[PDB]
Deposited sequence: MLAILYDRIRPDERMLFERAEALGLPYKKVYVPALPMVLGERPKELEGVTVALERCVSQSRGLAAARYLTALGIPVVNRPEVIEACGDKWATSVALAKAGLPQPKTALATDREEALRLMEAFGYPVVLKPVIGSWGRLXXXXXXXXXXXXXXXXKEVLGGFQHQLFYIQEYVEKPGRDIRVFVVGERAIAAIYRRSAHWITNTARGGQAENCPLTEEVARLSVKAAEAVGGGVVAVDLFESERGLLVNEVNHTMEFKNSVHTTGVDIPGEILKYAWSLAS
């Protein structure tokens, strides 16, 4: 049977429970915070589980649990590798580059002084984002100011400022299919071009269930971010697609 791992119940999780009940798909709810994860001994709460859907709000918690499941030999929708490859912007941009996919000119610095040289070499304005878990720099003074105020110790994610003739698009990918999209809201009727780029980006980080955010730039479509635990409460009505049901079925088909 299917196991839905969670910590805080959001409308998205609520919708997941309801669809599984209507679909007649065997499952059980598993509250992670209280789950004993001892290597070598399967917990009572996991008795009879053949596949799991990792739905925790906390990234660190969700990744730790996903890793435990792989140790118990239970398949988990969105493998550890995918979850970490997504929550780390530098990890994600590196994967898109290796896969030869289009994205904004991007760079990384490991100290404050090097960050400045790059921003200067890029030319203002420029953007700076946190590597884990959002600001346009106007000039050198603003740069210095922002830079002053685990594996993510002193890292600076620098990106070019993109001019956008169109609105940002968000595509919901399930396995090898793009099933819905929106303008970040109106429904964005999927086109073969958008669908194609989205699936490749999903594949570039390892496959699974992700939401790909794109920019409609003057250079064309560019990949911006890839999320490992997509939110969709509003998107269901906006697009009219049964996002939760598609997610549950995909997961169930990997049962082992």
Item checked: Missing residue ranges, deposited sequence indexing starting at 1 -> 134-138, 155-159, 195-208
